[PDB]
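1. based on what follows, work out the 3D shape:
(one chain, ligands or ions: 1)
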Amino acid sequence: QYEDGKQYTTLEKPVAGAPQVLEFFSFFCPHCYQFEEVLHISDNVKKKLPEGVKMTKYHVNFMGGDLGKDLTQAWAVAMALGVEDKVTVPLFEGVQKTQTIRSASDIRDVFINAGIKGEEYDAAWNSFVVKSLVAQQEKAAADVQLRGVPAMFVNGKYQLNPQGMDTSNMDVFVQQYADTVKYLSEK
Ligand SMILES: Cc1cc(Oc2ccc(CC(=O)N3CCN(C)C(=O)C3)cc2)ccc1C#N
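-> Numbers count the residues shown, from 1 in each chain. Take a look at the structure below.
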């Protein structure tokens, strides 16, 4: 039922110490927008994972020019402060839906209207911790030879292959995607 090359591929050099379930996304990515707002891929995968398996989500730079680097640093700020749930949707909608986020100051404004004080954002933005988080996201992308998003990796060894699943129907696609992660997570 689950064959290498159909629902998933296998990295030739597995990534030592990778997060068990690792998602890569970009706020510029249209498929990542639907994974968040329509398909809820992340919460559907989470419903089917075994006990205690942690899910990690990293932002990538190669979409959207110099604003893409700023969005990776902003996602680092969100992870450092734990405000992902308050900024994920306003950032997606400001980048892709309204296209009113076009600069670092527009990103900042999203965090402030979500309740993060400007002095707290500026401190985090310039911290060593966020510097380390930016480098961490870029290293994981390089370590899996990432070329596009959305992408999801299981135990640093298996890469989901959504174009090898049924993409004609949204509910079947979500169930095949989440069941593949569950199968691979038990390996
Ligand atoms: C039912 C459905 C099914 C879909 O199926 C996908 C899903 C993800 C991908 C991955 C992808 O888009 N990319 C970007 C290009 N590159 C270089 C990559 O490696 C990966 C593809 C099809 C997408 C949307 C919807 C909807 N509603």
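
2. for residue 99, see how far away residue 93 is.
-> The gap separating residue 93 from residue 99 is 10 Å, by C-beta to C-beta, to the nearest Å. (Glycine included, C-beta is placed from N, CA and C.)

3. please identify which of the two sits among more neighbours.
-> Taking neighbours as other C-beta atoms under 10 Å, residue 93 and residue 99 compare with residue 93 leading, 18 against 9.

4. figure out how far the host helix or strand of residue 89 is from the centre of its chain.
-> Secondary structure from DSSP states H and E places residue 89 in helix 84-92. Taking C-alpha atoms, centre = their mean, to the nearest Å, the mean C-alpha location of helix 84-92 is offset from the chain mean by 12 Å.

5. run through the neighbouring helices and strands of it.
-> For helix 84-92, the elements it packs on are helix 30-37, helix 65-81, helix 104-113, judged by 3 or more C-beta pairs under 8 Å, 6 or more residues apart in numbering; DSSP states H and E.

6. redo that, cut-off 7 Å
-> If you count contacts as 3 or more C-beta pairs under 7 Å, 6 or more residues apart in numbering; DSSP states H and E, helix 84-92 packs onto helix 30-37, helix 104-113.
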